[PDB]
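The chain that follows stands alone, in the form deposited in one PDB entry, written as structure tokens.
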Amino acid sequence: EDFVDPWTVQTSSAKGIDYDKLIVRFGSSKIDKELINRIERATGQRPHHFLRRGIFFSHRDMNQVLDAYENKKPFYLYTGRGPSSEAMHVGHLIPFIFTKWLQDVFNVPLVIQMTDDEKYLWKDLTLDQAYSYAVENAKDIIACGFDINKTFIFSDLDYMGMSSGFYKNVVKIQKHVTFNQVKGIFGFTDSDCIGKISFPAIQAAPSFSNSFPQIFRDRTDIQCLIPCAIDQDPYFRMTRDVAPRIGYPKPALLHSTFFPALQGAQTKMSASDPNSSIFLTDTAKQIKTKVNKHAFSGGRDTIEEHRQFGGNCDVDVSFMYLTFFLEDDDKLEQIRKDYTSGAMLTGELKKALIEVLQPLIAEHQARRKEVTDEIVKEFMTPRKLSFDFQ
């Protein structure tokens, strides 16, 4: 009942998908209180709200990452973006917001893959468009605050032709994965182009440190941690499988839930449905309108009934959004209590969310405007990142 994969995301329950059942089906492990406390201990920092609230709820070998970090051994962060267009919605920002926190708390180098080739193979795009979207989307990623001296954002199309180690790993991986394997993992068929069939190796490749010689200089032992939306897991479930078969360490994973579509947690927000998403370029006006008109309500139909019986936070999309963006834990709790008791009407809850998203988006736009051509260029230039590994 919780179908999930690299592109599509379906579920049939207003409360969202059953992530506990998904963990089991994926074979990953749940992020428990014990692990959350160990992360706090290891770092000396209070865990990000995404972890406290179960937004990042699943993982693979995080224990290993914590071991390595506790023993002063290095590890690096790796995440990515499919640049399907210049238009990005708030849902896309979840993993990046978290990765930025990860990079600050652990203080480690970050690698961000821009799959312009992926999007070229799958969508009706020109190479220039695809590449252009990677560069434009990179500005939105840089707007999240990543340290220019600790992070390399790269275009597949560009980097493939300027790395003495990337393509090499891509081939090693290509040899250790069959068509049957990828047909079962991603659902490919005989009619798909050969580019799609072999693509997974591209996305698997950045999991190995020697893919970035200008960063790790031939070392093949640095632990890799991949924070991503749960639906990306099949790429790395595959990656973890081949790693050993080719003498490389398995990458660790940190999974996040889906950011809800405006009409209900049954679907994730997707540009493939603009009415379901809030875009990073939406005006203050459009944000208010989308929330007021499209945000599914867990409250009662009439205000009288709402006062009498109170609302249901478990299916209310507006409350769900506050869960992702309202940092103050007490403020959120009060709203939960007041909404549940009917003390707060959905219209007010709605107003509350709007007052949170508008500044968030307006601020992101302000930051994005600050990334100049020279800045994007540097971020996207293979180079050494203030960190010595040898």
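Heads up: residue numbers just count along the shown sequence, starting at 1. Just so we're on the same page, rigid core means the largest C-alpha set that superposes within 1.5 Å between forms.
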Open item on the list: I need to verify one thing: averaged over C-alpha atoms only, is the B-factor higher for 202 to 210 or for 263 to 271?
Closed with: 263 to 271
- [ ] Output the stretch having the higher mean C-alpha B factor in the entry; the candidates are 180 to 188 and 90 to 98.
- [x] 180 to 188
Open item on the list: Among the choices 47, 342, 54, 27, identify the one whose CA B-factor in the record is greatest.
Closed with: 27
Open item on the list: Just the C-alpha B-factor column, please: which of 216, 152, 133, 296 has the biggest number?
Closed with: 216
Task: Ranked C-alpha temperature factor of residue 374 among modelled chain residues, by third - done: middle
Task: Third of chain Cα B-factors occupied by residue 333 - done: middle
- [ ] Divide the modelled residues of the chain into thirds by Cα B-factor and specify which third, lowest, middle or highest, holds residue 114.
- [x] lowest
Open item on the list: Test of reading the entry: by CA B factor among the chain's modelled residues, which third contains residue 129?
Closed with: middle
- [ ] Ordered by C-alpha B-factor within the chain, which third holds residue 33? Give me lowest, middle or highest, please.
- [x] highest
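Not on display, but discussed next: the form deposited in another entry.
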- [ ] Would you indicate which listed residue, out of 178, 107, 272, 164, moves its Cα by 2 Å or more between the shown form and the other one relative to the superposed core?
- [x] 272
Open item on the list: Core superposed first: is there a CA shift of 2 Å or greater at residue 235 between the shown form and the other one?
Closed with: yes
